[PDB]
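**Student:** This structure is in structure tokens; I'll ask about it shortly.
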Amino acid sequence: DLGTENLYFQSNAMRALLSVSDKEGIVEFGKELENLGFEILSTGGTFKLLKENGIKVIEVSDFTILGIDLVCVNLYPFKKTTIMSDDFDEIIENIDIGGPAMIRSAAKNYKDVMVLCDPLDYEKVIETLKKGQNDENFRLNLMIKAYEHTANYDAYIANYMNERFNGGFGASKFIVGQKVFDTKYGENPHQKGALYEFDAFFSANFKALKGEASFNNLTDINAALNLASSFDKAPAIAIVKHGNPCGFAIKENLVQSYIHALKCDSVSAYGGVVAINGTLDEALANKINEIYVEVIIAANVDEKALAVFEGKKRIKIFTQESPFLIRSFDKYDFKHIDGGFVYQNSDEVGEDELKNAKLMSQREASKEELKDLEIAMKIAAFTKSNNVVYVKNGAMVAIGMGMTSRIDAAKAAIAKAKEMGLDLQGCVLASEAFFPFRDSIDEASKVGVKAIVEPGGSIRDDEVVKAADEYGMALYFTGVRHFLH
Amino acid sequence: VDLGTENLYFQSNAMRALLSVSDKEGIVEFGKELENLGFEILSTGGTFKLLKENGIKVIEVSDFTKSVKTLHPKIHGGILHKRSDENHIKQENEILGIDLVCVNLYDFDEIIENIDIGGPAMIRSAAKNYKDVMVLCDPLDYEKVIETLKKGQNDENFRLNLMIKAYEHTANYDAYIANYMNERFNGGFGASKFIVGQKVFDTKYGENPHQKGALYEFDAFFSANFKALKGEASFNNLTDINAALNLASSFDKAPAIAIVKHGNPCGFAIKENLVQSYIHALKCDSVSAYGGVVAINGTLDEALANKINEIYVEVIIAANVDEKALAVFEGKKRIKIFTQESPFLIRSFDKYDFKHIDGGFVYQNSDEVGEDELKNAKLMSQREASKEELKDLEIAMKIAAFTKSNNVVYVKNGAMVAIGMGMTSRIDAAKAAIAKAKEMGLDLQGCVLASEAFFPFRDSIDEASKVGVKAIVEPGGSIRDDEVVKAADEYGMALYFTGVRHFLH
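Here it is, written out as structure tokens:
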């Protein structure tokens, strides 16, 4: 006889409407509402499930006068259906209609009604009711959660449609994040900040063993983690300072990788961010504890290794509880500009970028030199342009960036390497953008560079190839530019 | 009054349209065109009165959008059986099918009470039934819809693309509501954050040719305040425009000129007029200025256009451009010219900033150089800066704060004379800055210096003494700050500590 169309909002009705797609914990919640003195209204399968479990419930029909003060409604699993199937008609069937209208209408009437759209909130709601804490502020926070839920549902639908039919660049783009935590401050102490995630990447794969990451720590962790996880199971160590790499090495073991990464620039590593592709043991911990680093992120950390930093107050230690580092692979990238944002496909160093590169020179690089070029390419692509990266025997030996000219950047890189007492003879060089003139090769000959990898594409490419041939260097043109602001 | 939404059903070939819109632009002509195509028209509230008033044959339906408060609007989610034309002739007023749904959406008690419930429910229900009904949420699509119908082009794919627009519209509405609630009650950092953009255009590519790119806007800032007079902006042009525009609009109505190359400033000046400001901005680094981006806080006239045209630049963005100034660049191909059709440059002033990291984003308040940052700074030295030196420090502070850190900015008589950045040390950055200034044949004696990070040792001051720096502005905060103060006192320099850091990655 009664339908949802005959139900209206009324404070003190002590009558709950329970109509859910996700039926998890609905029986116990219905039993707890009944014990609290609520009359229960329900539809379809929810009604049959409640009645079956001895709950006193009255059936109302779906639209496809009685007052209510609790609306417990959740939606058709659209997200789960799109992940599990490509059948478009099945996907359209899992678009909930009616459910969001009920959630949004109850939310707008929060002064008089409680709105529940998440089974994870049932136990909290019951305890609030038992403690006599169902006040206007409690219902206002449920109203905020309700509009976040319906906004997220339709944003997911719109993003999925635009990914399937408009190559991921639709008329309206929704960048939706779920808060992980607030940071102590933003880029500067006078700014507030927070970390947001698209799914569960940070929630599921990061555990703070000591301290709390700052806003700048997180962008530095991202950069160090992306570099140290780019070489499979190899014992990579990445050292980052102010968003740029200042150290990188792969050696026989993690302790040797750390000592050689640190050799490139000890000065900048003081207060840096260290990413370890493997176990942080007691030995590695003491080696790092010779200087004061701000952050250490390891795949897994030993108890004795954590104890080594009991003295340092501002050091932060993170674990992924994994044998090797786990990274995220976002398909799209975005940059804030005043008034909006620019959106694009994520840049990536292709697995066959060096393998498919054109050999331009008389000389071919050796197997060890090709490994060093691979390391140099990846560092250059992850570093903010215009840059030059010098790698020797699995370790970065010099890096230049930020200058108006790379000839000026290279001279600053060589100056730091001389200061560090590093032998650059036999090293390889990578740049993420083409070298415009042969002076780039002539400057490289001074330090005994043996192999070069660059995208190629200059009008003076012929004189660059000739200069490499004069010095007997290996030269590869990838045809892939990796500029990064 | 008589008909209600409970009497309406989605039905293919019903030849009956429901028109109920907040944005009433072009609804009269669209209603007239639907009526000429043989559609019967149903309408509510203000839309009904507007249509009836303009001689359109329309029947009223109780207002479902406006607001005993019922649980949900009486909107049927299913479809009525599709009937043939000969079945309609052979043949009813209690059950009316609809095949076109044209609906679009618009004190704490006032905002909450005005949340539309019936409108989104109607839009979302029609959209799900796209195989049978047309859903219209954008007045910009009315003319296209009429031509599609006249040409017999209304097919399942056409209705599918309308369904996508419908869910973008209802997603945008609830995302704006959730963001407002979190701004009011959770300081703008809610449990779910929605960064929503509307596409302006696709760029030819992204940061690199192998990437696809596009420009998105919040509340139509780029659509309403930017007009391309010549060429098309690339993805990298847009981030360079942003940087040059933000600098040149930081001094109110002053005749600022900003020159940017690869996201960093390579020129800046404020002189008596825009022509003089350009001349003095270019002096700092003529070389990097080649193929750069120029932002003009005012009119680009024939005289200034002719002075810029002496070299090659990729982009010019001015507040307003004279016809004669645009004509100067008729021959060349590579240059791009933009206008804001305004007396002075217009910024958006976004309250929040965000950075992409894999798996998500970091979110924060937007940084800003406060109007009284230098005025409230502590004078640490013997010597106080003059009125002209304080103006130069203000310019140097703002350039340093907008430039990617760690940096050093040298300003003299309203013009930037040197800039150093990028490398691991600010002593290394300063030596590169002095080298470029010597190459440019610029006199640095009497200039001021700014850094938006504290100087850790007196060696920063001793290097500044070589070029005759007279005043320094820094946030302060080092251990040996008293040693940095002693050095500035030995050379007779003015030294200010603002206590505000502006680090920028």
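For the protein sequence lines, the chains are A and B, in the order given.
Numbering (PDB author numbering) for the first sequence: -12 to 51, 90 to 510.
Numbering (PDB author numbering) for the second sequence: -13 to 53, 61 to 84, 87 to 101, 112 to 510.
Ideal placement from N, C-alpha and C gives every residue a C-beta, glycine not left out.
#1: Please list the partners that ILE301 of chain A has in chain B, where partner means a Cβ-to-Cβ separation under 8 Å.
#2: By DSSP, does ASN(-7) of chain B sit in helix, in strand, or in coil?
#3: Is it the case that the stretch 357 to 369 of chain A contacts the stretch 322 to 338 of chain A, given that we only count it when at least three CB pairs across the two stretches are under 8 Å?
#4: Ignore the nearest five residues each way along the sequence and tell me which others in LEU447 of chain B's own chain have a CB closer than 6 Å to its CB.
#5: Could you tell me the boundaries of the beta strand (DSSP E) in which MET127 of chain A lies?
#6: Roughly how many whole angstroms lie between the Cα atoms of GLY375 of chain A and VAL478 of chain A?
#7: Going by DSSP in three states, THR153 of chain A sits in which element: helix, strand or coil?
#8: Ordered along the chain, which non-local residues of its own chain (more than five positions away) have a Cβ less than 6 Å from that of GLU46 of chain A?
#9: Expressed to the nearest angstrom, what Euclidean distance is found between the alpha-carbon atoms of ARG339 of chain A and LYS217 of chain A?
#10: Any beta carbon of chain B sitting closer than 7 Å to that of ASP245 of chain A?
#11: For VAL320 of chain B versus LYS288 of chain B, is the C-beta spacing smaller than 7 Å?
#12: When you compare only the Cα positions, how much space is there between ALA390 of chain A and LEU250 of chain B?
#13: Using the DSSP secondary-structure output, state which residues sit across from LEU100 of chain A in a beta bridge.
#14: Just checking, does the stretch 295 to 303 of chain B make contact with the stretch 261 to 268 of chain B on the three C-beta pairs under 8 Å criterion?
#15: Quick one: is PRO270 of chain A buried, meaning 16 or more other Cβ sit within 10 Å of its Cβ, or exposed?
#16: Find the residues of chain A that neighbour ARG339 of chain B, judging by a C-beta separation of less than 9 Å, and give them in chain order.
#17: Apply the 10 Å Cβ neighbour rule to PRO348 of chain B and answer buried if 16 or more other Cβ atoms are within range, or exposed otherwise.
#18: Output the boundary residues of the beta strand (DSSP E) element that contains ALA3 of chain B.
#19: Between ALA493 of chain A and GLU444 of chain A, what straight-line distance do the alpha-carbon atoms span, to the nearest angstrom?
#20: Can you tell me whether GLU87 of chain B is buried or exposed, with buried defined as 16 or more other CB within 10 angstroms of its CB?
#21: Got a sec: which bits of the stretch 347 to 372 of chain A sit with their beta carbon under 9 Å from any beta carbon on chain B, in order along the chain?
#22: Would you say residue 83 of chain A reaches chain B, if we count a Cβ-Cβ gap shorter than 7 Å as a contact?
#23: Let me make sure I understand the geometry here. Which of A:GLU393, A:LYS232, A:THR51, A:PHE(-4) has the alpha-carbon closest to that of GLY(-10) of chain A?
#24: Is the stretch 169 to 179 of chain A in contact with the stretch 132 to 152 of chain A, if contact means three or more CB pairs nearer than 8 Å?
#25: Grab me the residues of residue 533 of chain A's own chain with a C-beta within less than 7 Å of its C-beta, minus the 5 sequence neighbours each way, in chain order.
#26: Determine whether the Cβ of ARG189 of chain B lies closer than 7 Å to any Cβ atom of chain A.
#27: If the cut-off is 7 Å on Cβ atoms, which residues from the stretch 132 to 161 of chain B count as contacting chain A, listed in chain order?
#28: Which bits of chain A does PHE227 of chain B rub up against, with CB to CB less than 8 Å?
#29: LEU28 of chain A: which of A:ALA3, A:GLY451, A:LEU36 sits nearest, CA to CA?
#30: Closer than 7 Å, Cβ to Cβ, to anything on chain A: give me those residues from the stretch 427 to 447 of chain B, in chain order.
#31: Leaving out five residues before and five after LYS403 of chain A in sequence, what residues of the same chain have Cβ atoms less than 6 Å from its Cβ?
#32: Would you report the Cα separation of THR503 of chain A and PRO461 of chain A, rounded to the nearest angstrom?
#33: Can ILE275 of chain B and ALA259 of chain B be called in contact, C-beta distance under 7 Å?
#34: Would you decide whether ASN162 of chain B is buried or exposed? Buried here means 16 or more other CB atoms lie within 10 Å of its CB.
#35: Output the residue ranges of the alpha helix (DSSP H) runs that lie fully inside the stretch 402 to 451 of chain A and measure 4 residues or longer, sorted by chain position.
#36: Below 6 Å CB to CB, which residues in the same chain sit around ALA420 of chain A once its five sequence neighbours on both sides are set aside?
**Tutor:** In terms of the structure at hand:
#1: The contacting residues do not exist; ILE301 of chain A stays about 18 Å from chain B at best.
#2: Looking at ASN(-7) of chain B - three-state DSSP - the assignment turns out to be helix.
#3: No: fewer than three Cβ pairs fall under 8 Å.
#4: Cβ neighbours of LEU447 of chain B beyond the five flanking positions: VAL422.
#5: Looking at the DSSP string, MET127 of chain A is not in any beta strand (DSSP E); the run it does join, the alpha helix (DSSP H), is 124 to 133.
#6: Here the alpha carbon of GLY375 of chain A sits roughly 14 Å from the alpha carbon of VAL478 of chain A.
#7: Note: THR153 of chain A maps to helix in three-state DSSP.
#8: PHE34, listed in sequence order.
#9: So the alpha carbons of these two residues sit roughly 19 Å apart.
#10: Contact with chain B is absent for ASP245 of chain A, since none of that chain's Cβ atoms lies less than 7 Å from the residue's Cβ.
#11: Taking 7 Å as the Cβ cut-off, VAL320 of chain B and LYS288 of chain B do not qualify as a contacting pair.
#12: In this structure, the alpha-carbon of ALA390 of chain A lies about 46 Å from that of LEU250 of chain B.
#13: Answer is none; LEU100 of chain A lacks a bridge partner.
#14: Cβ pair count under 8 Å is three or more, so yes.
#15: With 16 or more other Cβ atoms inside 10 Å of its own Cβ, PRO270 of chain A counts as buried.
#16: Neighbours of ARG339 of chain B on chain A: none; closest Cβ ~15 Å, over 9 Å.
#17: Under this definition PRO348 of chain B is an exposed residue.
#18: Per DSSP, the unbroken beta strand (DSSP E) holding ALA3 of chain B starts and ends at 2 to 7.
#19: Distance between the alpha carbons of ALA493 of chain A and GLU444 of chain A: 27 Å.
#20: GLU87 of chain B is exposed by the Cβ-count criterion.
#21: Taking 9 Å as the Cβ-Cβ cut-off against chain B, the residues of the stretch 347 to 372 of chain A that qualify are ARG352, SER353, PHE354, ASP355, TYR357, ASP358, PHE359, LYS360, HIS361, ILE362, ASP363, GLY364, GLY365, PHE366, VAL367, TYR368, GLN369, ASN370, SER371, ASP372.
#22: Coordinates for residue 83 of chain A are absent, as chain A skips straight from 51 to 90.
#23: Taking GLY(-10) of chain A as reference, the option from A:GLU393, A:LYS232, A:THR51, A:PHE(-4) with the minimal CA-CA separation is A:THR51.
#24: As far as the Cβ criterion goes, the stretch 169 to 179 of chain A touches the stretch 132 to 152 of chain A, which means the pair count is three or higher.
#25: Nothing about residue 533 of chain A can be reported from this structure: the residues present for chain A run from -12 to 510 only.
#26: The beta carbon of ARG189 of chain B does not come within 7 Å of any beta carbon belonging to chain A, so the residue lies off that interface.
#27: Per Cβ criterion, the list reads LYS133.
#28: Within chain A, the residues near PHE227 of chain B are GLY364, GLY365.
#29: Selected option, being the one with the closest Cα: A:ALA3.
#30: Result list: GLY427, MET428, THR429, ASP433, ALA437.
#31: Answer for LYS403 of chain A: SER255, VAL374, listed in chain order.
#32: Taking the straight line joining both Cα atoms gives about 15 Å.
#33: The criterion of a C-beta distance shorter than 7 Å is satisfied by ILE275 of chain B and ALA259 of chain B.
#34: Exposed is the label assigned to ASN162 of chain B, since fewer than 16 other Cβ atoms lie within 10 Å of its Cβ.
#35: If we require 4 residues or more, the alpha helix (DSSP H) runs fully inside the stretch 402 to 451 of chain A come out as 431 to 444.
#36: Here the set comprises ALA274, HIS285.
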